[PDB]
Amino acid sequence: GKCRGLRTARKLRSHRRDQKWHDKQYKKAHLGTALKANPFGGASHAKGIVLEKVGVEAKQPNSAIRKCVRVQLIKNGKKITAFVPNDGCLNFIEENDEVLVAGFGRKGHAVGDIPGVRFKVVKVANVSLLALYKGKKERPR
Amino acid sequence: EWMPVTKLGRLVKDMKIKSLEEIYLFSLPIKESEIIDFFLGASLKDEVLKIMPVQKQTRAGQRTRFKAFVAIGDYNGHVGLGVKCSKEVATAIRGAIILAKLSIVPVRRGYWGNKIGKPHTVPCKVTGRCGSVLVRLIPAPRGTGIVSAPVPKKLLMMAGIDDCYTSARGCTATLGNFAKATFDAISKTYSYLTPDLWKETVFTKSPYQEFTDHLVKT
Amino acid sequence: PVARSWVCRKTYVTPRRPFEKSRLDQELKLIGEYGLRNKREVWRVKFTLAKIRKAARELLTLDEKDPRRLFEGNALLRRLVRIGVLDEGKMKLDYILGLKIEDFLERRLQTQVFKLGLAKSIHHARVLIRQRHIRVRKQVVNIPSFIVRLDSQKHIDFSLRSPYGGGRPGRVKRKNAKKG
Amino acid sequence: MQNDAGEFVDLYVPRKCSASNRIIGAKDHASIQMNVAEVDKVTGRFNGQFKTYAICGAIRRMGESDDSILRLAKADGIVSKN
Amino acid sequence: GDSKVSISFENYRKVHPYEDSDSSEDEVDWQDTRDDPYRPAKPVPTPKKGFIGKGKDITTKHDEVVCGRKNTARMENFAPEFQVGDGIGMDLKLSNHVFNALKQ
RNA sequence: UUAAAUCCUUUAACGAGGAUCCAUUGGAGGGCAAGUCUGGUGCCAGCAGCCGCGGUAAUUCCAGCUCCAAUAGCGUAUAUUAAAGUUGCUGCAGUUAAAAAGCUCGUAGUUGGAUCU
């Protein structure tokens, strides 16, 4: 069992330190290779330039063609497939426009129906998609 | 109309047994729901903890019947927990109450600190261990209420426990086994021994004994 | 550096369980019974009572002969009595644990002006408090969360400048009387 | 069980097993209570009075009830020495 | 109680001149009247302030008894393969923790 | 008021019918309070944090109506904390679910029979 002496503190804490790495969450947060491989670079939102639009096929049970947009991040030049959130919102987005992109909400997991997309477009040309969808804004170019 | 089959039910039918506590002193089996219905009256409040459905796999196919976990409780008194399977739901519920009154147990109410007034909490931290579910009941000071999951919260409102701490272990998501575990703990209140009950007991007669002359006539 | 104070306290706690019918029922019943604007007034009163009870409970773990046990015990008793909740016969530290939420909402200026009947209805009472027509002693109070003391309860008036008070009739009356 | 004022704040006092002083529970339905008779020491006549033994369910289950009754009857002298 | 081969206690019956006494012949008719529980409540429009009444007898919005009866009535509009029982004849206060599981 | 202004506090006059001097943000399968309401699309568009809905009556889309929650605030993403007794000193596990080295010796380490008022 567990060592239960009174002069055994360094063994207990060294054992704890070595066994904290096998926790994948603590290793992901503290070893920090997922922090460098993150396209956002530990950022809540990123800003890119639209490169093309791709219709990606969904999972096998739910058949749909989700209209993702391939953008190039201004920061480090990584290619991002970001899902345009709502229906009819693919119409507003246009090639070579400055775009603000956020994740879906599983902290780095392809959420649900779409393999390879864990990002969603929030803003285009410094106006939101929610304003354009609800008839609140006029899009500049 | 209430019809007696036990001799205990015959004694309860007349005014020979004053309260429910002559049964519990002697651990006599309460085999009729309507004994419990007689002694407590309308004080027994209850709400169904869950109706979980199990589809019975049969020779013809799959046809479902429903299992009712109901919790009946006399406040600052007694609790019972009933589990009943039936074709309907309301039939399963009524079977669950009539089965839960058979499972009425008295819980012990004690004190945390100094002993002033009516008892309020579990007298000593007990445990209920049912099918990988482990419910610990810890005494608590006045007015803190019961800190627990909703279903043991229900059973501890019904127990008359005003305030206690609760710890759970295992798969809690099985509601029925969780409720059976905490029910086992509040039964283990009298299954536990305290230094208060260290005096040598004096043995009274079992209700069958001094009242057998009336059972000769029946 | 600046000559400023950044001491600020959140005076309410959001409940952990967001949608349960029991909590929503008790909160809405209490709101309707003493006429509050939203749930945050209930949550504020709940948090104040929780702090008082937790202080009392953290006092009870000390010895009976502990000096600060006695000192802040007497202080807590005196404050809870002068605010108008406890009574002089109930000066014991364990009786604060026998307090509930509405015992703190009965001392609001809204409920006090309703119970003393100087206004008509409890929503009318809240309106009359915020509409600047009701004063305490000599100071005009326009805030319905004003927790009225026991000794200051016995004199609440109509704020003499008000039309319900001494005089100076309002805008609507002076417009109506200058019609013809 | 009893507050500082002195009132017996308890629902009832449960009986204890005579063999091992354990509290016999409410739903311990395997427990027993012997009434055992003693005799007049001159003629072997029933007196009408009786001694009492209570045994919990576990003692009866493991097979130790009869030896417990025998040794408590030796203690009470209802069964003779040796 | 229900057996075909049955016993008759006729010889132990002592006296029965007038068997059809008017004590067991009570005419129980409550269907077409307004005393049957199996009748709609004629629902009131939803209050905006969220409660009915004032003082101590303020009947609130959900009001667990009322909400339980409402959830029972919402069970009454389930799938035909579902079996309910007699949930209106016996006062069934069923909660959302249970009703939502049954609805699922 | 103030260095002089501002803002707050005080005073005169004007200033109030909701069809306003008009309150938003999310949601209504479960988790989780709220609809088996109506019309359209028809595994398309989409919703969807999880399970899943949509393949011609959609309890989940799109609109409208109604309802709920919080309310001058309310969603969203990220990071982190509690729930986590899923890092375990308190306090986890190791036959079969992840797991005890093939076995033995052995240094450092860790712990070490009674016994003296």
# chains A, B, ... in the order shown; residues from 1 in each chain; ligands from 1
call {"tool": "select_by_dssp", "arguments": {"residues": "chain B", "states": "strand (DSSP E)", "output": "MDAnalysis selection string"}}
result
chainID B and resid 44:57 62:74 78:86 105:106 126:130 133:139 146:147 164:169
call {"tool": "residues_around", "arguments": {"residues": "residue 81 (chain E)", "least_positions_apart": "2", "cutoff": "10 Å", "atoms": "only C-alpha atoms (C1' of nucleotides)", "output": "PDB file with N, CA and C atoms, in the first residue's frame"}}
result
ATOM      1  N   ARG B  63     -42.601  -6.149 -24.411  1.00  0.00           N
ATOM      2  CA  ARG B  63     -43.714  -5.384 -23.866  1.00  0.00           C
ATOM      3  C   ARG B  63     -43.307  -4.860 -22.498  1.00  0.00           C
ATOM      4  N   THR B  64     -43.599  -3.589 -22.247  1.00  0.00           N
ATOM      5  CA  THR B  64     -42.955  -2.848 -21.170  1.00  0.00           C
ATOM      6  C   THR B  64     -43.793  -2.877 -19.901  1.00  0.00           C
TER       7      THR B  64
ATOM      8  N   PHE E  78     -50.477  11.011 -23.965  1.00  0.00           N
ATOM      9  CA  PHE E  78     -49.326  10.275 -24.487  1.00  0.00           C
ATOM     10  C   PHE E  78     -49.687   9.407 -25.682  1.00  0.00           C
ATOM     11  N   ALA E  79     -48.741   8.583 -26.112  1.00  0.00           N
ATOM     12  CA  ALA E  79     -48.834   7.593 -27.168  1.00  0.00           C
ATOM     13  C   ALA E  79     -49.832   6.505 -26.791  1.00  0.00           C
ATOM     14  N   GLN E  83     -49.300   3.034 -21.048  1.00  0.00           N
ATOM     15  CA  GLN E  83     -50.331   2.658 -20.079  1.00  0.00           C
ATOM     16  C   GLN E  83     -50.175   3.545 -18.848  1.00  0.00           C
ATOM     17  N   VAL E  84     -51.276   4.193 -18.456  1.00  0.00           N
ATOM     18  CA  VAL E  84     -51.202   5.185 -17.383  1.00  0.00           C
ATOM     19  C   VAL E  84     -51.782   4.629 -16.085  1.00  0.00           C
TER      20      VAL E  84
END
call {"tool": "interface_residues", "arguments": {"of": "chain B", "to": "chain F", "cutoff": "10 Å", "atoms": "only C-alpha atoms (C1' of nucleotides)", "output": "ChimeraX atom specification"}}
result
/B:168-170
call {"tool": "atom_distance", "arguments": {"atom1": "CA of residue 123 (chain A)", "atom2": "CA of residue 72 (chain A)"}}
result
14.8 Å
call {"tool": "select_by_dssp", "arguments": {"residues": "region 74-149 of chain B", "states": "helix (DSSP H, G or I)", "output": "list in words"}}
result
residues 90, 91, 92, 93, 94, 95, 96, 97, 98, 99, 100, 101, 102 and 103 of chain B
call {"tool": "atom_distance", "arguments": {"atom1": "CA of residue 49 (chain E)", "atom2": "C1' of residue 34 (chain F)"}}
result
16.2 Å
call {"tool": "residues_around", "arguments": {"residues": "region 6-12 of chain A", "least_positions_apart": "3", "cutoff": "12 Å", "atoms": "only C-alpha atoms (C1' of nucleotides)", "output": "PyMOL selection string"}}
result
(chain A and resi 2-3+15-19) or (chain F and resi 87-89+109-111)
call {"tool": "write_last_selection", "arguments": {"atoms": "N, CA and C atoms (P, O5', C5', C4', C3', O3' and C1' of nucleotides)", "output": "PDB file, in the first residue's frame"}}
result
ATOM      1  N   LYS A   2       0.252   2.339   0.521  1.00  0.00           N
ATOM      2  CA  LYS A   2       0.875   3.650   0.496  1.00  0.00           C
ATOM      3  C   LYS A   2       1.763   3.841   1.714  1.00  0.00           C
ATOM      4  N   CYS A   3       2.956   4.376   1.463  1.00  0.00           N
ATOM      5  CA  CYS A   3       3.941   4.614   2.508  1.00  0.00           C
ATOM      6  C   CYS A   3       3.410   5.592   3.547  1.00  0.00           C
ATOM      7  N   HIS A  15       6.420  11.001  -5.759  1.00  0.00           N
ATOM      8  CA  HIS A  15       5.482  10.069  -6.368  1.00  0.00           C
ATOM      9  C   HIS A  15       4.276  10.797  -6.944  1.00  0.00           C
ATOM     10  N   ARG A  16       3.741  11.772  -6.206  1.00  0.00           N
ATOM     11  CA  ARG A  16       2.610  12.544  -6.705  1.00  0.00           C
ATOM     12  C   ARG A  16       2.985  13.339  -7.944  1.00  0.00           C
ATOM     13  N   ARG A  17       4.161  13.964  -7.930  1.00  0.00           N
ATOM     14  CA  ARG A  17       4.609  14.746  -9.075  1.00  0.00           C
ATOM     15  C   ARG A  17       4.777  13.872 -10.306  1.00  0.00           C
ATOM     16  N   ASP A  18       5.372  12.687 -10.136  1.00  0.00           N
ATOM     17  CA  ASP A  18       5.574  11.803 -11.278  1.00  0.00           C
ATOM     18  C   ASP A  18       4.266  11.216 -11.780  1.00  0.00           C
ATOM     19  N   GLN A  19       3.299  10.999 -10.898  1.00  0.00           N
ATOM     20  CA  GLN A  19       2.021  10.441 -11.307  1.00  0.00           C
ATOM     21  C   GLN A  19       1.028  11.493 -11.775  1.00  0.00           C
TER      22      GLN A  19
ATOM     23  P     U F  87      -9.079  13.677  -9.079  1.00  0.00           P
ATOM     24  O5'   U F  87      -7.616  13.712  -8.476  1.00  0.00           O
ATOM     25  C5'   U F  87      -7.295  13.031  -7.271  1.00  0.00           C
ATOM     26  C4'   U F  87      -5.808  13.014  -7.016  1.00  0.00           C
ATOM     27  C3'   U F  87      -5.081  14.342  -7.216  1.00  0.00           C
ATOM     28  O3'   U F  87      -3.979  14.409  -6.313  1.00  0.00           O
ATOM     29  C1'   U F  87      -4.139  12.732  -8.622  1.00  0.00           C
ATOM     30  P     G F  88      -4.199  14.667  -4.748  1.00  0.00           P
ATOM     31  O5'   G F  88      -4.351  13.206  -4.137  1.00  0.00           O
ATOM     32  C5'   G F  88      -4.650  13.021  -2.765  1.00  0.00           C
ATOM     33  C4'   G F  88      -5.294  11.684  -2.498  1.00  0.00           C
ATOM     34  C3'   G F  88      -4.419  10.454  -2.644  1.00  0.00           C
ATOM     35  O3'   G F  88      -3.658  10.218  -1.473  1.00  0.00           O
ATOM     36  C1'   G F  88      -6.621  10.075  -3.506  1.00  0.00           C
ATOM     37  P     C F  89      -2.070  10.429  -1.447  1.00  0.00           P
ATOM     38  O5'   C F  89      -1.787  10.972   0.020  1.00  0.00           O
ATOM     39  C5'   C F  89      -1.103  10.181   0.982  1.00  0.00           C
ATOM     40  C4'   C F  89      -1.281  10.743   2.371  1.00  0.00           C
ATOM     41  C3'   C F  89      -2.695  10.695   2.919  1.00  0.00           C
ATOM     42  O3'   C F  89      -2.991   9.456   3.533  1.00  0.00           O
ATOM     43  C1'   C F  89      -1.796  12.856   3.228  1.00  0.00           C
ATOM     44  P     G F 109      20.173   6.285   4.040  1.00  0.00           P
ATOM     45  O5'   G F 109      18.719   6.363   3.412  1.00  0.00           O
ATOM     46  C5'   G F 109      18.251   7.560   2.810  1.00  0.00           C
ATOM     47  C4'   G F 109      16.882   7.373   2.213  1.00  0.00           C
ATOM     48  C3'   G F 109      15.783   7.041   3.202  1.00  0.00           C
ATOM     49  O3'   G F 109      15.269   8.201   3.826  1.00  0.00           O
ATOM     50  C1'   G F 109      15.649   5.588   1.342  1.00  0.00           C
ATOM     51  P     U F 110      14.849   8.174   5.370  1.00  0.00           P
ATOM     52  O5'   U F 110      13.565   7.249   5.384  1.00  0.00           O
ATOM     53  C5'   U F 110      12.384   7.629   4.702  1.00  0.00           C
ATOM     54  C4'   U F 110      11.353   6.546   4.821  1.00  0.00           C
ATOM     55  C3'   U F 110      11.177   5.999   6.222  1.00  0.00           C
ATOM     56  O3'   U F 110      10.332   6.811   7.014  1.00  0.00           O
ATOM     57  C1'   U F 110      11.367   4.210   4.690  1.00  0.00           C
ATOM     58  P     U F 111      10.590   6.946   8.586  1.00  0.00           P
ATOM     59  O5'   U F 111      10.196   5.524   9.145  1.00  0.00           O
ATOM     60  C5'   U F 111       8.833   5.175   9.270  1.00  0.00           C
ATOM     61  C4'   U F 111       8.655   3.698   9.466  1.00  0.00           C
ATOM     62  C3'   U F 111       9.158   3.109  10.766  1.00  0.00           C
ATOM     63  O3'   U F 111       8.329   3.374  11.884  1.00  0.00           O
ATOM     64  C1'   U F 111       9.770   1.704   8.993  1.00  0.00           C
TER      65        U F 111
END
call {"tool": "residues_around", "arguments": {"residues": "region 114-128 of chain B", "least_positions_apart": "3", "cutoff": "10 Å", "atoms": "only C-alpha atoms (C1' of nucleotides)", "output": "VMD selection string"}}
result
(chain B and resid 76 107 to 111 131 133 to 143 145 to 146 156 159 to 168 178 to 189 191 to 194) or (chain C and resid 94) or (chain D and resid 1 to 7 9 to 10)
call {"tool": "closest_atom_pairs", "arguments": {"of": "chain F", "to": "chain C", "cutoff": "9 Å", "atoms": "only C-alpha atoms (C1' of nucleotides)", "output": "tab-separated table"}}
result
residue	atom	partner	partner_atom	distance
F:32	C1'	C:19	CA	5.9
F:33	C1'	C:19	CA	5.5
F:69	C1'	C:19	CA	8.2
F:70	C1'	C:39	CA	8.8
F:71	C1'	C:38	CA	7.5
call {"tool": "decode", "arguments": {"residues": "region 38-53 of chain C", "atoms": "N, CA, C and O atoms", "output": "short mmCIF file (atom, residue, chain, number, x, y, z; two decimals), in the first residue's frame"}}
result
data_model
loop_
_atom_site.label_atom_id
_atom_site.label_comp_id
_atom_site.auth_asym_id
_atom_site.auth_seq_id
_atom_site.Cartn_x
_atom_site.Cartn_y
_atom_site.Cartn_z
N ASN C 38 -37.23 41.92 -8.58
CA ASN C 38 -36.70 40.75 -9.25
C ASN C 38 -36.16 39.79 -8.20
O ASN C 38 -36.27 40.03 -6.99
N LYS C 39 -35.56 38.70 -8.67
CA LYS C 39 -35.02 37.69 -7.78
C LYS C 39 -33.77 38.15 -7.04
O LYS C 39 -33.40 37.54 -6.04
N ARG C 40 -33.10 39.20 -7.53
CA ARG C 40 -31.85 39.63 -6.91
C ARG C 40 -32.07 40.23 -5.53
O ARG C 40 -31.18 40.15 -4.68
N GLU C 41 -33.25 40.80 -5.26
CA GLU C 41 -33.55 41.26 -3.91
C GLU C 41 -33.66 40.07 -2.95
O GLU C 41 -33.12 40.11 -1.83
N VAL C 42 -34.33 39.01 -3.39
CA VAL C 42 -34.41 37.78 -2.61
C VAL C 42 -33.04 37.17 -2.39
O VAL C 42 -32.73 36.73 -1.28
N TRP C 43 -32.22 37.11 -3.44
CA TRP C 43 -30.88 36.56 -3.33
C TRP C 43 -29.98 37.38 -2.42
O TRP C 43 -29.20 36.80 -1.67
N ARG C 44 -30.10 38.71 -2.46
CA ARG C 44 -29.39 39.58 -1.52
C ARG C 44 -29.78 39.32 -0.08
O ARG C 44 -28.89 39.20 0.77
N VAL C 45 -31.07 39.23 0.23
CA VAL C 45 -31.54 38.94 1.57
C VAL C 45 -31.11 37.55 2.02
O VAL C 45 -30.68 37.37 3.17
N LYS C 46 -31.17 36.57 1.12
CA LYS C 46 -30.67 35.23 1.39
C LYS C 46 -29.19 35.24 1.73
O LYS C 46 -28.76 34.56 2.66
N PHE C 47 -28.39 36.03 0.99
CA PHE C 47 -26.95 36.06 1.24
C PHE C 47 -26.63 36.75 2.56
O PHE C 47 -25.71 36.32 3.27
N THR C 48 -27.36 37.81 2.89
CA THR C 48 -27.14 38.48 4.17
C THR C 48 -27.47 37.54 5.33
O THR C 48 -26.69 37.42 6.28
N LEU C 49 -28.61 36.85 5.24
CA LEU C 49 -28.98 35.91 6.28
C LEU C 49 -28.01 34.74 6.36
O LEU C 49 -27.72 34.23 7.45
N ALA C 50 -27.48 34.30 5.21
CA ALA C 50 -26.50 33.23 5.19
C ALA C 50 -25.21 33.65 5.88
O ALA C 50 -24.62 32.87 6.63
N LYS C 51 -24.75 34.88 5.64
CA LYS C 51 -23.57 35.37 6.33
C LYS C 51 -23.79 35.48 7.84
O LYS C 51 -22.91 35.12 8.63
N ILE C 52 -24.98 35.95 8.25
CA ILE C 52 -25.29 36.05 9.68
C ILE C 52 -25.29 34.68 10.33
O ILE C 52 -24.66 34.47 11.39
N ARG C 53 -25.97 33.71 9.72
CA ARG C 53 -26.02 32.36 10.27
C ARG C 53 -24.66 31.68 10.27
O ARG C 53 -24.34 30.95 11.21
#
